[PDB]
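A.B. asks: Mind looking over this structure? Questions follow.
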Amino acid sequence: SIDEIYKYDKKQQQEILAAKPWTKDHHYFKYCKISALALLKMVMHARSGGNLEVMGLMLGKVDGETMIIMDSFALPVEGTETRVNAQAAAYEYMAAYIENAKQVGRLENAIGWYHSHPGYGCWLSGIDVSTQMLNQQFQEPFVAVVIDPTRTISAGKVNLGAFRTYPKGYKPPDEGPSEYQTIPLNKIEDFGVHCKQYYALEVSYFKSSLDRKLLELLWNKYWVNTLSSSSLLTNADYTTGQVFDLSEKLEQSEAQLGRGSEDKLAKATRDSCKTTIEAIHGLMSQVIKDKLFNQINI
Amino acid sequence: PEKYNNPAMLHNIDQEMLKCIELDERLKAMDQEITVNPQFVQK
Amino acid sequence: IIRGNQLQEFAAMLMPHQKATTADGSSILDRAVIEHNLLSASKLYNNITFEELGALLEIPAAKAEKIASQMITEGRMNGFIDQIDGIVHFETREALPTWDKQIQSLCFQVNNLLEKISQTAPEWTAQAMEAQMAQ
Amino acid sequence: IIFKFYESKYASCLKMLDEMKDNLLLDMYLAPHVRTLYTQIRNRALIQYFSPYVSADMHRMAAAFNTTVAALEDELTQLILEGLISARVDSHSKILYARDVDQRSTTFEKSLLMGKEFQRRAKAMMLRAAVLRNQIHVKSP
Amino acid sequence: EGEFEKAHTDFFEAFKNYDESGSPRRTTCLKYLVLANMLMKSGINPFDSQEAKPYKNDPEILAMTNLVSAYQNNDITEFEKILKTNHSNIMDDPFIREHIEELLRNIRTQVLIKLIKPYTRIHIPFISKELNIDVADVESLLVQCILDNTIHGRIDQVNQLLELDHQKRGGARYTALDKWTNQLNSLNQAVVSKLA
Amino acid sequence: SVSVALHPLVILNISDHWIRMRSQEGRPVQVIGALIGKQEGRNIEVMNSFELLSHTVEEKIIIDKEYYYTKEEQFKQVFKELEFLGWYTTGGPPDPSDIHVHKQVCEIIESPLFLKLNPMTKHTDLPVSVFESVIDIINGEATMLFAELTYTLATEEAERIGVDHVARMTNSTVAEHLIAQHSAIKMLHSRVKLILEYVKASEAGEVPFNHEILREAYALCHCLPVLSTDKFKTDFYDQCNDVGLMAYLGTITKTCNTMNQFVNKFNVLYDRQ
Amino acid sequence: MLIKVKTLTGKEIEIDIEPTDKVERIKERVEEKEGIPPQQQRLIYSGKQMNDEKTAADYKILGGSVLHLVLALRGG
Amino acid sequence: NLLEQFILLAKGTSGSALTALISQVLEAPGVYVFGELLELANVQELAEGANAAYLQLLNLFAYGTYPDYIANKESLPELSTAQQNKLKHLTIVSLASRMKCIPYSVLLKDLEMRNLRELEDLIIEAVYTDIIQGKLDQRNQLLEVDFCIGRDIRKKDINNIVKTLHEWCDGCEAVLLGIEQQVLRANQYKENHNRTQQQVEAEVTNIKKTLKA
Ligand SMILES: CC(C)n1nc(C(F)F)cc1C(=O)Nc1ccc([C@H]2[C@@H](O)CCCc3cncn32)c(-c2ccccc2)c1
Ligand SMILES: [Zn+2]
C-alpha cells in the first residue's frame, strides 16, 4: 500500500547500515524522496526566517539506492547566519530533541541537514562543502538540502536542492550538466571555486493516502487564495535587489567589451529576461483578476 | 505636465516595445544570413 | 463606545471605596473609559476632527488632542495628528490590499451560499453536480 | 566670525568679514585668494540659511544678508541654476519655495529618452553596416 | 574658559581629587558635583551615596536636589519656578551662572523632541506656548535642531508652522531603474561603436 | 466567540501522526497532540503543532506534564513568539474521555481550544472541527461542555505554493502560470453556475421557495463590481505602467545582446585582418 | 565500563573503557576506534555537554550508558 | 431567530391580535428582514378590511425607504422611535446595496438629520448592529461600506439576479478561453523557434562538412 513506505523496518535498516554498499561506489545515492510534511515544514521555516538564514535537521531512512526523508525539525541557533554550528546550544538541542521524539513514536534517525539561501540560489558554498564532507566522512549516510524561500515566492515553484559531496582528492569524471542558475556578484567566486566537489540528487516528493484525501478536500476551500494572491506587492525588495545586481553585471560586461567568464553579456541578458518575465507574470495575474471581478458590472 | 498613470502612456510604452521587438527580429534575421554563409565557415 | 449615561449608571452602582480618583482629577475609571473610547473609535474612523472627537468623548477638544497625542506617542494606537486642519488620521487601508480583502470576502460569500444550497436541496444539488460534468 | 557662522548670525558674520577684508588684502600669501574665499563663504552661508526652510520670505533673507531684494534675487537665481540650492523663486510675493522632485516621473522620462536614443543609434548603425558591406566610399576623382 | 571635553575631564579629575582629599568642603562641593552630573547626563546616579541623604534632607540646601529631580523628569515649568523662587543660592554664583544656559536649553530641546513625535504639521505658536519661550526663540531652536539632524522636518515661514516628514516611498525601485538605464545607455553606445 | 484561523500545516501534522501510529501499531489508534499559535485580541491563529505523550490507566488518559514542560521549553527555544493554544485529537464527536482530557489540559492555560480530526469520514467537507469549553449549570448541576467555532483557512504565500505543489505533483512558462490561474477560475465558474441554476430553478419553480438563500444571492450579486473607485484605478495604472517600463528595459537589454552578436559576426566576416 | 556509544545518525560503537578513565581518555579511545580527531568531537550526557577536564565517574559512569556524540569542525 | 418564534406564535391570531403582533415584530430589535411574515396567507389576506394600513406598513418595512414613509406619512399608522430607527437603518442598508461610497449629503437628505453628529451616531449604531460593516471618512465627507446585508426581495426581482449571474458566468468562460488560447500560442511560438534554430544549426553543420572534404 501507499502507506507501506511509512513502515520503519529496524532490522532492515540495521542490515543495510552494517552491509554498507556505498563504500565501493561513489555516486551510489541518486534518488532523494521527501515526504509532504517535511517539505512543507522546511519551506515555512525558511520563509519565516525572513531575509536571514535558518538551518535545521532531517530525519529519514534509506531504501537501497534512494534516500527517504520523513521529518524535519528546526534548531534554534538564534539564526542570523552565525559563524557556524553553535555555542553548544544547538549541540545540546539536537540530542535533546531526538531523545524526546524517540519516546513518542518518531523512531527514525537523522539522514541529513537543511538550510536556506534566501535570494541567491541553491548550491553548496565552501563552508557548506566542508561541513558535508566532514559529516559524510564519519556518519553515513547524510544529505544536504538547500532551500530558497524568496525565489520560491517569486517564481511560483519551490527551489529545493539535495546535494552530496565527494571524498577528498577524488576527481569526478566530467558528466557536468551545469544548468544555469542566477547568482549575485558577491557570491559568484565561491560558487565557481566549489562546484565539482558535490553532485545534485534527483528529488521527488511523496504523500500518504490520508494526506492526499485531506489535500483534495482542502482545495475546495483553498482555491480562494490563488485568486486573491497579488504577488506583485509581496516581492518588491527582491526585484529591486535583482535590478541592482543586474546593473552591476551589465557594468562588468561593458568593461569586458571595452577591454581586450566568457561573454558576460549573455549571462546579464538571461538574468534580465528572468526578472522581466517574473514581473510580467505578476502583472498578468492582476489583469486576469481585474477582468474577472471588476468588469462584471451588475 | 503629467503623471505616468494613464492608458495613453501605457499605449505609448507598448508602441515603443513593439518597435524595439521589430528591430531585434530584423537584427536576428540578418545575423542568421551571415551565420549560414559559407564564407563564414572557414573563419 | 461606552456612553456617558452608562458610565454614570455604573458609577452610581459602584461602591464609594472603589472610586479611586487622582488628586489632580481624571478619576481612574473615567480615564480608562476615555482611552477605551478613543481606541474603539480608532476602529471606526478613517480620520476625525478635534471637535467631533470631543463631542464623541464628551471632553473638550484640547483635552481630546492631548490624550490622542499621548496615546500615539506611547504606542498604544496608530495614527498621526495634522494640527493645522485639526484632524487625527487613523490607519490608511491601501487600495490594492483592500481589493484583495474584498475579493476574498466575495469568494467566501460564494462558498457559503453553495454550502447553504447543498444543505437544503441535497438531491437536487447532487443531480446538478452530476450533470455538471456531462454538460 | 567662525562662531557666528556656526550659530547662524549671518548678518554680523558677513559685516565683520567685510570689515576684516581690507586688512586681509595686504597679506602676502592670502591676497590672491581673498576673493575666492569670500565668495565660497558667502555661498556656503546662503546655502545653509535655506537648509531648514521649505518656504522662506525673501525680505528677511535680504535683511540678514545685507543686500537688497533684487540683488538677493539675482544671487539666488545664479545659485539655483547650477549650485546646491534646489528651489524656485516667486517674485510676486517675494518668497523662495523649496522644490521637491518626484522620482517616478523623472525616471520614466529619462528611460523613455534613453530608449529613443538607442533606437536611433541602432537604425543608424544598421545603415552603416549596409554601406560598409556594399563598399561605398569617396574616391579621389 | 572651559574648553569643552578637555576642561570637562579636568573638572571630573579635580572634583574626584577634592572629594577624596577635601572631605569638609563637601558642603559647597555637592552643588558642583550635581552640576557636573547634569552636564554629563550619563551617570544619572547622584543619590547613590546613601550618606548624603541625611544631610541633604536638611531644608537649607535642597535646591540642587530638586534641580536634579526636575532635570531628570524633563519638565521646564518646575525647573524655572524653582530657579526663580530659590534665592541667594544659585543666581549669585558665576560658576553656576555661566553653565545654566546649556542646562536650561537641554531640557527644552528634549521636551520639544518628545512633543514633535505624533504631529505631522504643527504650529510654532503652539510650541512657544508649551516651551514658555517667544516665537523667535522657538524658530531659532528649531533651526538649530534641524541643522543638527536631530529633528526631521522643515519650517514653513509664511504660515509659521513646521511640517515633519513621516511618509516613506519606495525610492529604491526608481534608483535601481535609473542605474539600469544608465548602464544600458553606456553598453548600447559601446556596442554600436564596436562596428567600424 | 473568537475568530479562529487554521493553517494546513496543523492538519498535515495530525494526519501524518495518525498514519504513522496506525502503520506502527498495525491497527488504528487515536492520538493526542498539542497546538501552537498566536492570539491577537480576539483573533486566534494556529501555526504549528507537536505531539504529547499520554498514558492510560483503567479507562482514563493522563498527560505527562513533565514531558509537556520539556517540550514547551524546547519549542520556546526556537519559536520565540509562539505560545500554547490547545490540544488536538483524532476521532468523531466529542466523548467523556475528551471532556476528561480537556479538564486536565485546563489546569495549564485558561481557555484552551480543542481540535478534532476525523480520518474515517464519508462527507464532502473537511473533517476538522474546532471547539471551545463553556461551563454551564443544568438542572442545578455544574457541567462544562463544548461549543463549536467557525474557522477560516489562513493565507500565506509559501504555504500556498507548497500545498499546491504537493497536491498537484506533476514546455514553456506562461504555460504553467496560466494553467494555475485556470484551475482556480474553473472552480469559481462551477460554483457560480450551480448557484445560477438553483436560482433559475427556484424562479421557474422546481424546488421549495427559500427566502434566506435568495436574499443571500441578491447580496452576492450586489457586491459587483469590486472597488471601482478612482484611487484604485490610479493605483492599478501605476502598477501597469511600472511593469511596462520594466519590460521595455528588458527588451532593450535583449536587443543590445543580439546587436552585439551580430556585430561580432559581421566583424569576423567582412574584415581583412 | 564498556559503554555502547551512539551518534545522531544512528551508528553505535561497542567500545571498551575503564571507570577511572577521563573524558579526554574516552575521546582518544573513540579516535582510535573510529578515526575522529579529538577536537571535532562533542560528547553529551543526559542532555548535558561534559566539561572535558571533569574526570568522568563524577558525571556518572553507571556501566552501559550511552554518551551522545556530535561532530564539529573546530575552526575550519 | 426571533422571526421564527413570531411566525410560530402567529398561527391562531387574527385582526387586532395580528396588528399588535405586527407592531411588536416591527419594534423587536435584531430582526431586519420580514419575508416569511409577509408571505403568510393570513397577513396577505389582511388587505381586505379596514386594517390595510398595517399591511402597507409591513410592505414599507420589507421593501421601502424613509423618503417613501415621509411621502406616505398620513396613510400609515404612527411609528415610535424604535421603528423610526429601524427604518433609518434599513434606508442606510438600501443605499449601501447600490452605492459603495455614500456621500454625507444624500444620507442627510434621506434621513432628515440636521447636524453631522446625529447622522454619525446613527451610522455607528447601524455598524454595531452587525448589519453593515464600513468606515466613516470625515475629511472627504464619505462613508465607505465593505459589507451590507441582503434585504428582502420580490417575486419579480429574481430576473436581475439571473441576469447578473449569467453575465458573471459568461465573463468566466471568456477568461478561460483566453487563457487556453494564450497557452497554445506561447507553446507554438516556443516550438517554432526551437525548430528554426535546429534547422539553422543543421544547415551550418552540412555546409562545414561539405567544405572540409
Ligand atoms: C549539520 C549542522 C549542524 N552542521 N554540522 C556541522 C559539522 F561540523 F558536523 C557543521 C554544521 C553547521 O551548522 N554548518 C553551517 C555552516 C555555515 C553556515 C552559514 C555561515 O557560513 C554564515 C553565513 C550564511 C551561510 C550560507 N551558507 C552557510 N552559511 C551555517 C548556517 C546556515 C544557516 C543558518 C545558520 C547557520 C551552518
Ligand atoms: Zn549555505
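All Cβ positions, even for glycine, are placed from backbone atoms using ideal geometry, and neighbour counts span all protein chains on display. No lab work stands behind these numbers, since they all come straight from the coordinates.
A.B. asks: Under the condition of being among the hydrophobic types (A, V, I, L, M, F, W, C) and within 24 Å of residue C:110 (Cβ to Cβ), which residue from region A:191-232 is surrounded by the most Cβ atoms within 10 Å (Cβ to Cβ)? Explain how you work it out, then say what you get.
C.D. replies: Step one: of region A:191-232, the residues among the hydrophobic types (A, V, I, L, M, F, W, C) are A:191, A:193, A:195, A:200-201, A:203, A:206, A:210, A:214-215, A:217-219, A:223-224, A:227, A:232.
Pick out the ones that are also within 24 Å of residue C:110 (Cβ to Cβ) and you get A:214-215, A:217-219, A:223-224, A:227.
Values: A:214: 24, A:215: 22, A:217: 18, A:218: 19, A:219: 17, A:223: 19, A:224: 22, A:227: 21.
Applying the filter and picking the extreme gives A:214.
A.B. asks: Same structure, new question: For residue G:8, indicate whether it is within 14 Å of another protein chain (Cβ to nearest Cβ), surrounded by 15 or more Cβ atoms within 10 Å (Cβ to Cβ) and either of a type in the set (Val, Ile, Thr) or within 16 Å of ligand 1 (Cβ to nearest atom) (or both).
C.D. replies: yes
A.B. asks: On to the next question. Can you tell me which residue is farthest from residue A:90 (Cα to Cα) among those in region G:47-62 that are more than 16 Å from ligand 1 (Cβ to nearest atom) and either in contact with a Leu (Cβ under 8 Å, 6 or more places away or on another chain) or in a strand (DSSP E or B) (or both)?
C.D. replies: Step one: list which residues in region G:47-62 are more than 16 Å from ligand 1 (Cβ to nearest atom), which gives G:47-48, G:50-62.
Okay, now just the ones that are also either in contact with a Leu (Cβ under 8 Å, 6 or more places away or on another chain) or in a strand (DSSP E or B) (or both), so G:48, G:50.
Numbers: G:48: 12, G:50: 15 Å.
Among those residues, the one meeting the criterion is G:50.
A.B. asks: Out of A:69, A:34, I need the residue that is part of a strand (DSSP E or B), more than 16 Å from ligand 1 (Cβ to nearest atom) and within 15 Å of residue A:163 (Cα to Cα). Which one?
C.D. replies: Exactly one residue qualifies, and that residue is A:34.
A.B. asks: State which residue is farthest from the other protein chains (Cβ to nearest Cβ) when the search covers only region F:43-75 and only residues that are exposed (fewer than 11 other Cβ atoms within 10 Å of the Cβ) and closer than 21 Å to residue G:47 by Cβ.
C.D. replies: Among them, the one singled out is F:66.
A.B. asks: Right, another one. Taking only pairs six or more apart or across chains, which ones have beta-carbon atoms under 8 Å, a first residue in region A:108-125 that is within 14 Å of chain G (Cβ to nearest Cβ), and a second residue that is acidic (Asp, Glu) and more than 10 Å from ligand 2 (Cβ to nearest atom)?
C.D. replies: A:108/A:71
A.B. asks: Among the residues in region C:57-80, are any at the interface with another protein chain (Cβ under 10 Å from one of its Cβ atoms) and closer than 30 Å to residue A:289 by Cβ?
C.D. replies: Checking region C:57-80: not a single residue is at the interface with another protein chain (Cβ under 10 Å from one of its Cβ atoms) and closer than 30 Å to residue A:289 by Cβ.
A.B. asks: Okay, moving on. Would you say residue G:44 is within 12 Å of the chain's Cα centre (by Cα), within 16 Å of ligand 1 (Cβ to nearest atom), of a type in the set (A, V, I, L, M) and within 14 Å of another protein chain (Cβ to nearest Cβ)?
C.D. replies: Considered against the rule, which asks whether it is within 12 Å of the chain's Cα centre (by Cα), within 16 Å of ligand 1 (Cβ to nearest atom), of a type in the set (A, V, I, L, M) and within 14 Å of another protein chain (Cβ to nearest Cβ), residue G:44 comes out as yes.
A.B. asks: Taking region A:75-125 only, how many residues are within 16 Å of ligand 2 (Cβ to nearest atom) and either closer than 29 Å to residue A:239 by Cβ or not in a helix (DSSP H, G or I) (or both)?
C.D. replies: Total meeting the criteria: 24.
A.B. asks: Moving on. Please determine whether any residue of region C:85-95 is farther than 30 Å from residue A:289 by Cβ, at the interface with another protein chain (Cβ under 10 Å from one of its Cβ atoms) and part of a loop (DSSP other than H, G, I, E, B).
C.D. replies: Taking every residue of region C:85-95 in turn, at least one turns out to be farther than 30 Å from residue A:289 by Cβ, at the interface with another protein chain (Cβ under 10 Å from one of its Cβ atoms) and part of a loop (DSSP other than H, G, I, E, B).
A.B. asks: Right, something else. For the structure I just gave you, tell me whether residue C:34 is of a type in the set (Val, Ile, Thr) and within 21 Å of residue H:121 (Cβ to Cβ).
C.D. replies: Criteria met by residue C:34.
A.B. asks: When residues of region C:99-116 are filtered for being more than 9 Å from chain A (Cβ to nearest Cβ) and of a type in the set (D, E, K, R), how many remain?
C.D. replies: 2
A.B. asks: Any residue in region G:68-76 that is buried (at least 16 other Cβ atoms within 10 Å of the Cβ) and in a loop (DSSP other than H, G, I, E, B)?
C.D. replies: There is at least one residue in region G:68-76 that is buried (at least 16 other Cβ atoms within 10 Å of the Cβ) and in a loop (DSSP other than H, G, I, E, B).
A.B. asks: Just the residues that are more than 30 Å from residue A:281 (Cβ to Cβ), charged (D, E, K, R) and not in a loop (DSSP other than H, G, I, E, B), please, taken from region A:152-189.
C.D. replies: As a first pass, look at region A:152-189 and keep what is more than 30 Å from residue A:281 (Cβ to Cβ): A:164-176, A:189.
Next, from what is left, pick out any that are charged (D, E, K, R): A:164, A:168, A:171, A:174-175, A:189.
If the condition is that a residue be more than 30 Å from residue A:281 (Cβ to Cβ), charged (D, E, K, R) and not in a loop (DSSP other than H, G, I, E, B), then A:164, A:189 are the ones that fit.
A.B. asks: Given (1) within 13 Å of ligand 1 (Cβ to nearest atom); (2) β-branched (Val, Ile, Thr); (3) closer than 30 Å to residue A:7 by Cβ, identify the lone condition not met by residue A:203.
C.D. replies: (1)
A.B. asks: Test each condition in (1) within 15 Å of ligand 1 (Cβ to nearest atom); (2) more than 9 Å from every other protein chain (Cβ to nearest Cβ); (3) assigned to a loop (DSSP other than H, G, I, E, B) for residue A:140 and report the one that comes out false.
C.D. replies: Of the numbered conditions (1) within 15 Å of ligand 1 (Cβ to nearest atom); (2) more than 9 Å from every other protein chain (Cβ to nearest Cβ); (3) assigned to a loop (DSSP other than H, G, I, E, B), the odd one out for residue A:140 is (2).
A.B. asks: Can you name the condition, by its number, that residue C:82 falls short on among (1) over 27 Å from residue F:229 (Cβ atoms); (2) among the charged types (D, E, K, R); (3) within 23 Å of the chain's Cα centre (by Cα)?
C.D. replies: Failed condition: (1).
A.B. asks: Of the residues A:98, A:147, which is more than 8 Å from ligand 1 (Cβ to nearest atom), of a type outside the set (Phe, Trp, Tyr), touching a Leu at 6+ places or on another chain (Cβ under 8 Å) and over 16 Å from residue A:45 (Cα atoms)?
C.D. replies: Being more than 8 Å from ligand 1 (Cβ to nearest atom), of a type outside the set (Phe, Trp, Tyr), touching a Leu at 6+ places or on another chain (Cβ under 8 Å) and over 16 Å from residue A:45 (Cα atoms) holds for just one of A:98, A:147, which is A:98.
A.B. asks: Looking at region D:79-97, can you tell me whether even one residue there is touching a helix residue (DSSP H, G or I) at 6+ places or on another chain (Cβ under 9 Å), small (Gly, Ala, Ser) and assigned to a helix (DSSP H, G or I)?
C.D. replies: Among the residues of region D:79-97, not one is touching a helix residue (DSSP H, G or I) at 6+ places or on another chain (Cβ under 9 Å), small (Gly, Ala, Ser) and assigned to a helix (DSSP H, G or I), which makes the answer no.
A.B. asks: Just a yes or no: is a residue in region H:160-177 loosely packed, with under 14 Cβ neighbours inside 10 Å and closer than 16 Å to residue F:222 by Cβ?
C.D. replies: yes
A.B. asks: Give the number of residues within region A:110-128 that are crowded, with 21+ Cβ neighbours inside 10 Å, polar (S, T, N, Q) and either more than 11 Å from the chain's Cα centre (by Cα) or more than 9 Å from ligand 1 (Cβ to nearest atom) (or both).
C.D. replies: Number of matching residues: 0.
A.B. asks: What is the one condition in (1) surrounded by fewer than 20 Cβ atoms within 10 Å (Cβ to Cβ); (2) of a type outside the set (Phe, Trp, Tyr); (3) out of contact with any helix residue (DSSP H, G or I) (no Cβ under 7 Å at 6 or more places or on another chain) that residue F:165 does not satisfy?
C.D. replies: Going through the list (1) surrounded by fewer than 20 Cβ atoms within 10 Å (Cβ to Cβ); (2) of a type outside the set (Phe, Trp, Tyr); (3) out of contact with any helix residue (DSSP H, G or I) (no Cβ under 7 Å at 6 or more places or on another chain), residue F:165 breaks only (1).
A.B. asks: Looking at residue A:14 and the list (1) crowded, with 23+ Cβ neighbours inside 10 Å; (2) over 25 Å from residue A:207 (Cβ atoms), which single condition is not satisfied?
C.D. replies: (1)
A.B. asks: Then there is this: Hey, could you check region H:100-116 for residues that are assigned to a loop (DSSP other than H, G, I, E, B) and out of contact with any strand residue (DSSP E or B) (no Cβ under 8 Å at 6 or more places or on another chain) and say which is farthest from the other protein chains (Cβ to nearest Cβ)?
C.D. replies: Residue satisfying both the conditions and the ranking: H:112.
A.B. asks: Right, here's the next one. Looking only at residues in region A:225-243 that are within 18 Å of residue A:184 (Cβ to Cβ) and assigned to a helix (DSSP H, G or I), which one is nearest to the chain's Cα centre (by Cα)?
C.D. replies: Looking at residues that are within 18 Å of residue A:184 (Cβ to Cβ) and assigned to a helix (DSSP H, G or I), I get A:238.
A.B. asks: Being part of a strand (DSSP E or B) and more than 16 Å from ligand 1 (Cβ to nearest atom) is the filter here; which residues of region A:37-65 pass it?
C.D. replies: Of the residues in region A:37-65, the ones part of a strand (DSSP E or B) are A:55-63.
Residues satisfying the conditions are A:61, A:62, A:63.
A.B. asks: I'm checking my understanding of the structure. Among residues of region A:21-35 that are surrounded by 12 or more Cβ atoms within 10 Å (Cβ to Cβ) and among the charged types (D, E, K, R), which one is farthest from residue A:206 (Cα to Cα)? Working first, answer last.
C.D. replies: Let us first name the residues in region A:21-35 that are surrounded by 12 or more Cβ atoms within 10 Å (Cβ to Cβ), namely A:22, A:26-35.
Subset that is among the charged types (D, E, K, R): A:30, A:33.
Details: A:30: 17, A:33: 7 Å.
Filtering region A:21-35 for residues that are surrounded by 12 or more Cβ atoms within 10 Å (Cβ to Cβ) and among the charged types (D, E, K, R), the one farthest from residue A:206 (Cα to Cα) comes out as A:30.
A.B. asks: Shifting gears a bit: Please verify whether region A:233-246 includes one or more residues that are surrounded by 19 or more Cβ atoms within 10 Å (Cβ to Cβ), of a type in the set (D, E, K, R), out of contact with any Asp or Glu (no Cβ under 7 Å at 6 or more places or on another chain) and more than 9 Å from every other protein chain (Cβ to nearest Cβ).
C.D. replies: Scanning region A:233-246, I find at least one residue that is surrounded by 19 or more Cβ atoms within 10 Å (Cβ to Cβ), of a type in the set (D, E, K, R), out of contact with any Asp or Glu (no Cβ under 7 Å at 6 or more places or on another chain) and more than 9 Å from every other protein chain (Cβ to nearest Cβ), so the answer is yes.
A.B. asks: Filter region D:1-32 down to residues that are more than 25 Å from the chain's Cα centre (by Cα) and of a type in the set (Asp, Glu) and give me whichever is farthest from residue E:146 (Cα to Cα).
C.D. replies: By that ranking, first place goes to D:27.
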